[PDB]
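Undergrad: Take a look at my_file-v6.pdb, PDB, C-alpha atoms and all ligand atoms:
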```
MODEL        1
ATOM      1  CA  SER A   1     -61.149 -44.426  -0.179  1.00  0.00           C
ATOM      2  CA  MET A   2     -59.423 -45.354  -3.485  1.00  0.00           C
ATOM      3  CA  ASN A   3     -60.187 -48.486  -5.365  1.00  0.00           C
ATOM      4  CA  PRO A   4     -57.845 -51.504  -5.014  1.00  0.00           C
ATOM      5  CA  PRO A   5     -56.140 -52.905  -8.077  1.00  0.00           C
ATOM      6  CA  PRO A   6     -58.516 -55.287  -9.830  1.00  0.00           C
ATOM      7  CA  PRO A   7     -58.195 -59.031  -9.358  1.00  0.00           C
ATOM      8  CA  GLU A   8     -55.368 -60.575 -11.400  1.00  0.00           C
ATOM      9  CA  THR A   9     -56.210 -61.736 -14.895  1.00  0.00           C
ATOM     10  CA  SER A  10     -52.702 -62.742 -16.026  1.00  0.00           C
ATOM     11  CA  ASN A  11     -49.930 -64.417 -14.054  1.00  0.00           C
ATOM     12  CA  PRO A  12     -47.214 -66.524 -15.671  1.00  0.00           C
ATOM     13  CA  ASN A  13     -46.600 -68.260 -12.337  1.00  0.00           C
ATOM     14  CA  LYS A  14     -50.086 -69.717 -12.132  1.00  0.00           C
ATOM     15  CA  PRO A  15     -50.734 -73.013 -13.911  1.00  0.00           C
ATOM     16  CA  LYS A  16     -53.573 -73.148 -16.389  1.00  0.00           C
ATOM     17  CA  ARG A  17     -55.126 -75.294 -19.029  1.00  0.00           C
ATOM     18  CA  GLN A  18     -58.103 -75.464 -21.271  1.00  0.00           C
ATOM     19  CA  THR A  19     -60.869 -77.938 -20.500  1.00  0.00           C
ATOM     20  CA  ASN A  20     -64.210 -78.592 -22.178  1.00  0.00           C
ATOM     21  CA  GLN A  21     -65.906 -77.336 -19.003  1.00  0.00           C
ATOM     22  CA  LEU A  22     -63.991 -74.046 -19.070  1.00  0.00           C
ATOM     23  CA  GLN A  23     -64.872 -73.608 -22.746  1.00  0.00           C
ATOM     24  CA  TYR A  24     -68.556 -74.107 -21.815  1.00  0.00           C
ATOM     25  CA  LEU A  25     -68.213 -71.554 -19.032  1.00  0.00           C
ATOM     26  CA  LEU A  26     -67.062 -68.959 -21.580  1.00  0.00           C
ATOM     27  CA  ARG A  27     -69.153 -69.803 -24.621  1.00  0.00           C
ATOM     28  CA  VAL A  28     -72.408 -70.680 -22.829  1.00  0.00           C
ATOM     29  CA  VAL A  29     -72.401 -69.469 -19.247  1.00  0.00           C
ATOM     30  CA  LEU A  30     -70.570 -66.112 -19.399  1.00  0.00           C
ATOM     31  CA  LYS A  31     -72.086 -65.334 -22.795  1.00  0.00           C
ATOM     32  CA  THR A  32     -75.632 -65.843 -21.500  1.00  0.00           C
ATOM     33  CA  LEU A  33     -75.188 -63.876 -18.299  1.00  0.00           C
ATOM     34  CA  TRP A  34     -73.335 -61.035 -20.038  1.00  0.00           C
ATOM     35  CA  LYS A  35     -76.272 -60.198 -22.310  1.00  0.00           C
ATOM     36  CA  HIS A  36     -78.916 -60.223 -19.571  1.00  0.00           C
ATOM     37  CA  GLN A  37     -80.642 -56.836 -19.057  1.00  0.00           C
ATOM     38  CA  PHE A  38     -79.323 -56.793 -15.481  1.00  0.00           C
ATOM     39  CA  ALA A  39     -75.689 -57.704 -16.251  1.00  0.00           C
ATOM     40  CA  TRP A  40     -74.204 -54.230 -16.621  1.00  0.00           C
ATOM     41  CA  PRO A  41     -73.477 -53.408 -12.901  1.00  0.00           C
ATOM     42  CA  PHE A  42     -71.480 -56.643 -12.767  1.00  0.00           C
ATOM     43  CA  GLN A  43     -69.460 -56.169 -15.968  1.00  0.00           C
ATOM     44  CA  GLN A  44     -66.611 -54.271 -14.253  1.00  0.00           C
ATOM     45  CA  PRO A  45     -65.208 -54.125 -10.717  1.00  0.00           C
ATOM     46  CA  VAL A  46     -67.230 -52.132  -8.189  1.00  0.00           C
ATOM     47  CA  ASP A  47     -65.940 -48.566  -8.446  1.00  0.00           C
ATOM     48  CA  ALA A  48     -66.285 -47.416  -4.868  1.00  0.00           C
ATOM     49  CA  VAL A  49     -65.047 -43.953  -5.749  1.00  0.00           C
ATOM     50  CA  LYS A  50     -67.641 -43.313  -8.478  1.00  0.00           C
ATOM     51  CA  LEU A  51     -70.393 -44.759  -6.294  1.00  0.00           C
ATOM     52  CA  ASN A  52     -69.335 -42.866  -3.150  1.00  0.00           C
ATOM     53  CA  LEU A  53     -69.047 -46.171  -1.224  1.00  0.00           C
ATOM     54  CA  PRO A  54     -65.849 -45.648   0.777  1.00  0.00           C
ATOM     55  CA  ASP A  55     -66.687 -48.634   2.970  1.00  0.00           C
ATOM     56  CA  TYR A  56     -67.070 -51.128   0.112  1.00  0.00           C
ATOM     57  CA  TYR A  57     -63.500 -52.429   0.172  1.00  0.00           C
ATOM     58  CA  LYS A  58     -63.458 -52.281   3.986  1.00  0.00           C
ATOM     59  CA  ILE A  59     -66.278 -54.896   3.942  1.00  0.00           C
ATOM     60  CA  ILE A  60     -65.665 -56.838   0.724  1.00  0.00           C
ATOM     61  CA  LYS A  61     -62.133 -58.211   0.830  1.00  0.00           C
ATOM     62  CA  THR A  62     -62.494 -60.723  -2.021  1.00  0.00           C
ATOM     63  CA  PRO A  63     -63.976 -58.651  -4.844  1.00  0.00           C
ATOM     64  CA  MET A  64     -65.092 -60.242  -8.086  1.00  0.00           C
ATOM     65  CA  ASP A  65     -67.007 -59.188 -11.183  1.00  0.00           C
ATOM     66  CA  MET A  66     -67.901 -60.591 -14.579  1.00  0.00           C
ATOM     67  CA  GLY A  67     -65.445 -58.402 -16.464  1.00  0.00           C
ATOM     68  CA  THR A  68     -62.648 -60.062 -14.475  1.00  0.00           C
ATOM     69  CA  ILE A  69     -64.152 -63.507 -15.085  1.00  0.00           C
ATOM     70  CA  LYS A  70     -64.475 -62.806 -18.815  1.00  0.00           C
ATOM     71  CA  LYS A  71     -60.818 -61.789 -19.017  1.00  0.00           C
ATOM     72  CA  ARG A  72     -59.775 -64.851 -16.985  1.00  0.00           C
ATOM     73  CA  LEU A  73     -61.674 -67.121 -19.355  1.00  0.00           C
ATOM     74  CA  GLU A  74     -60.462 -65.415 -22.554  1.00  0.00           C
ATOM     75  CA  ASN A  75     -56.869 -65.533 -21.221  1.00  0.00           C
ATOM     76  CA  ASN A  76     -57.156 -69.157 -20.082  1.00  0.00           C
ATOM     77  CA  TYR A  77     -56.192 -68.111 -16.511  1.00  0.00           C
ATOM     78  CA  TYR A  78     -57.899 -71.049 -14.850  1.00  0.00           C
ATOM     79  CA  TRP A  79     -56.806 -74.628 -14.173  1.00  0.00           C
ATOM     80  CA  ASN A  80     -60.332 -75.994 -13.740  1.00  0.00           C
ATOM     81  CA  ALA A  81     -64.028 -75.174 -13.860  1.00  0.00           C
ATOM     82  CA  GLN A  82     -64.313 -75.086 -10.073  1.00  0.00           C
ATOM     83  CA  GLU A  83     -62.010 -72.052  -9.918  1.00  0.00           C
ATOM     84  CA  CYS A  84     -64.225 -70.145 -12.337  1.00  0.00           C
ATOM     85  CA  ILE A  85     -67.485 -71.260 -10.693  1.00  0.00           C
ATOM     86  CA  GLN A  86     -66.041 -70.044  -7.413  1.00  0.00           C
ATOM     87  CA  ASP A  87     -65.434 -66.605  -8.922  1.00  0.00           C
ATOM     88  CA  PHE A  88     -69.073 -66.328 -10.025  1.00  0.00           C
ATOM     89  CA  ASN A  89     -70.203 -67.430  -6.591  1.00  0.00           C
ATOM     90  CA  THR A  90     -67.938 -64.902  -4.912  1.00  0.00           C
ATOM     91  CA  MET A  91     -69.395 -62.154  -7.085  1.00  0.00           C
ATOM     92  CA  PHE A  92     -72.947 -63.070  -6.047  1.00  0.00           C
ATOM     93  CA  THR A  93     -72.089 -63.573  -2.389  1.00  0.00           C
ATOM     94  CA  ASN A  94     -70.312 -60.236  -2.173  1.00  0.00           C
ATOM     95  CA  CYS A  95     -73.434 -58.519  -3.476  1.00  0.00           C
ATOM     96  CA  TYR A  96     -75.642 -60.274  -0.963  1.00  0.00           C
ATOM     97  CA  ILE A  97     -73.273 -59.510   1.924  1.00  0.00           C
ATOM     98  CA  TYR A  98     -72.750 -55.842   1.147  1.00  0.00           C
ATOM     99  CA  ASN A  99     -76.320 -54.878   0.200  1.00  0.00           C
ATOM    100  CA  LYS A 100     -79.680 -55.205   1.961  1.00  0.00           C
ATOM    101  CA  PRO A 101     -82.080 -58.008   1.041  1.00  0.00           C
ATOM    102  CA  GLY A 102     -84.494 -56.658  -1.489  1.00  0.00           C
ATOM    103  CA  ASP A 103     -82.227 -53.829  -2.758  1.00  0.00           C
ATOM    104  CA  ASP A 104     -82.420 -53.374  -6.523  1.00  0.00           C
ATOM    105  CA  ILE A 105     -78.826 -54.549  -7.016  1.00  0.00           C
ATOM    106  CA  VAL A 106     -79.644 -57.711  -5.066  1.00  0.00           C
ATOM    107  CA  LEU A 107     -82.695 -58.408  -7.256  1.00  0.00           C
ATOM    108  CA  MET A 108     -80.431 -57.969 -10.317  1.00  0.00           C
ATOM    109  CA  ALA A 109     -77.821 -60.383  -8.859  1.00  0.00           C
ATOM    110  CA  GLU A 110     -80.543 -62.888  -8.000  1.00  0.00           C
ATOM    111  CA  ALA A 111     -81.825 -62.884 -11.600  1.00  0.00           C
ATOM    112  CA  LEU A 112     -78.332 -63.507 -12.899  1.00  0.00           C
ATOM    113  CA  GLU A 113     -77.758 -66.223 -10.303  1.00  0.00           C
ATOM    114  CA  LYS A 114     -80.925 -68.030 -11.333  1.00  0.00           C
ATOM    115  CA  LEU A 115     -79.655 -68.185 -14.920  1.00  0.00           C
ATOM    116  CA  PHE A 116     -76.206 -69.177 -13.719  1.00  0.00           C
ATOM    117  CA  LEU A 117     -77.562 -72.080 -11.705  1.00  0.00           C
ATOM    118  CA  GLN A 118     -79.564 -73.373 -14.693  1.00  0.00           C
ATOM    119  CA  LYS A 119     -76.431 -73.275 -16.841  1.00  0.00           C
ATOM    120  CA  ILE A 120     -74.215 -74.859 -14.150  1.00  0.00           C
ATOM    121  CA  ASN A 121     -76.722 -77.696 -13.680  1.00  0.00           C
ATOM    122  CA  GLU A 122     -76.058 -78.324 -17.395  1.00  0.00           C
ATOM    123  CA  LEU A 123     -72.266 -78.287 -16.999  1.00  0.00           C
ATOM    124  CA  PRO A 124     -70.900 -81.018 -19.315  1.00  0.00           C
ATOM    125  CA  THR A 125     -68.963 -83.927 -17.906  1.00  0.00           C
ATOM    126  CA  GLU A 126     -65.211 -83.474 -18.225  1.00  0.00           C
ATOM    127  CA  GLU A 127     -63.769 -84.958 -21.417  1.00  0.00           C
TER
HETATM  128  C1  LIG A 201     -70.035 -51.520 -13.496  1.00  0.00           C
HETATM  129  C2  LIG A 201     -69.565 -51.479 -12.047  1.00  0.00           C
HETATM  130  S1  LIG A 201     -69.453 -49.797 -11.477  1.00  0.00           S
HETATM  131  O1  LIG A 201     -69.103 -49.821 -10.041  1.00  0.00           O
HETATM  132  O2  LIG A 201     -68.529 -49.065 -12.374  1.00  0.00           O
HETATM  133  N1  LIG A 201     -70.934 -49.108 -11.673  1.00  0.00           N
HETATM  134  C3  LIG A 201     -72.047 -49.434 -10.885  1.00  0.00           C
HETATM  135  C4  LIG A 201     -73.234 -48.733 -11.184  1.00  0.00           C
HETATM  136  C5  LIG A 201     -74.374 -48.999 -10.406  1.00  0.00           C
HETATM  137  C6  LIG A 201     -74.363 -49.980  -9.436  1.00  0.00           C
HETATM  138  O3  LIG A 201     -75.502 -50.243  -8.622  1.00  0.00           O
HETATM  139  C7  LIG A 201     -76.745 -50.306  -9.131  1.00  0.00           C
HETATM  140  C8  LIG A 201     -77.022 -50.595 -10.440  1.00  0.00           C
HETATM  141  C9  LIG A 201     -78.350 -50.689 -10.881  1.00  0.00           C
HETATM  142  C10 LIG A 201     -79.430 -50.497  -9.977  1.00  0.00           C
HETATM  143 CL1  LIG A 201     -81.038 -50.565 -10.507  1.00  0.00          CL
HETATM  144  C11 LIG A 201     -79.114 -50.245  -8.625  1.00  0.00           C
HETATM  145  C12 LIG A 201     -77.773 -50.140  -8.188  1.00  0.00           C
HETATM  146  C13 LIG A 201     -73.176 -50.657  -9.100  1.00  0.00           C
HETATM  147  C14 LIG A 201     -73.133 -51.599  -7.996  1.00  0.00           C
HETATM  148  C15 LIG A 201     -72.781 -52.891  -8.253  1.00  0.00           C
HETATM  149  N2  LIG A 201     -72.664 -53.844  -7.275  1.00  0.00           N
HETATM  150  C16 LIG A 201     -72.260 -55.184  -7.659  1.00  0.00           C
HETATM  151  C17 LIG A 201     -72.955 -53.550  -5.952  1.00  0.00           C
HETATM  152  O4  LIG A 201     -72.882 -54.484  -5.095  1.00  0.00           O
HETATM  153  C18 LIG A 201     -73.334 -52.229  -5.629  1.00  0.00           C
HETATM  154  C19 LIG A 201     -73.599 -51.875  -4.280  1.00  0.00           C
HETATM  155  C20 LIG A 201     -73.984 -50.581  -3.936  1.00  0.00           C
HETATM  156  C21 LIG A 201     -74.090 -49.626  -4.936  1.00  0.00           C
HETATM  157  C22 LIG A 201     -73.798 -49.957  -6.262  1.00  0.00           C
HETATM  158  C23 LIG A 201     -73.436 -51.250  -6.640  1.00  0.00           C
HETATM  159  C24 LIG A 201     -72.036 -50.367  -9.859  1.00  0.00           C
ENDMDL
END
```
Reformat the file's structure so that it appears as structure tokens.
TA:
Amino acid sequence: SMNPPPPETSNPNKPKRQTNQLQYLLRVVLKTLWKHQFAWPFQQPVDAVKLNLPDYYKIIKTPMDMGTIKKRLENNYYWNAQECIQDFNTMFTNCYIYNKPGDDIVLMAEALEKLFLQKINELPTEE
């Protein structure tokens, strides 16, 4: 089972803008999560070939990872903060759906999600 193409990070047909919230998501939120000790398995798409997980993309049909999110933020792919927040939430949810409660990868996702939620509670009001 080969890997799918990664999620899109550039598309001239999709509208986009910069907002103060999206700039916070890159400079504060992504930056903090990216340097966490447990970030590395989330820094690129799940490579189901390398991991010998041929079922992964039979079960997870909306893949997401922080490397994709980072590129989307650096490329100003998004129209609003909610789109980007949804990508982080999809990344976490996928991990919790695919893996067993208590698996190491789930504990690593949960630590990142705890930091994410702190930072999202501090999301600035739109200017
Ligand atoms: C960089 C993406 S990669 O695919 O190229 N490499 C890579 C390497 C290891 C991975 O898993 C572990 C990592 C650390 C521990 Cl302690 C335990 C498992 C994963 C991985 C990530 N996710 C989000 C999963 O849901 C997942 C589910 C099952 C197996 C592996 C993974 C990906």
Undergrad: Show me which residues are within 10 Å of ligand LIG 201 (chain A) counting all atoms listed in the file, and format the list as a PyMOL selection string.
TA: chain A and resi 38-53+56+60+63-67+91-100+103-109
Undergrad: Draw an axis-aligned box tight on the listed atoms of range 34-46 of chain A, then pad every side by 6 Å and write out centre and edge lengths in Å to one decimal as AutoDock Vina command-line options.
TA:
```
--center_x -72.9 --center_y -56.6 --center_z -15.2 --size_x 27.4 --size_y 20.9 --size_z 26.1
```
Undergrad: Rank A:69, A:117, A:81, A:33 by their smallest atom-to-atom distance to residue 18 in chain A, using all atoms listed in the file, and report the top residue only.
TA: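 The closest residue to residue 18 in chain A is A:81.
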Undergrad: What does the distance between CA of residue 80 in chain A and CA of residue 62 in chain A come to in Å, to one decimal place?
TA: 19.4 Å
Undergrad: Please, what distance in Å, to one decimal, runs between CA of residue 14 in chain A and CA of residue 30 in chain A?
TA: 22.0 Å
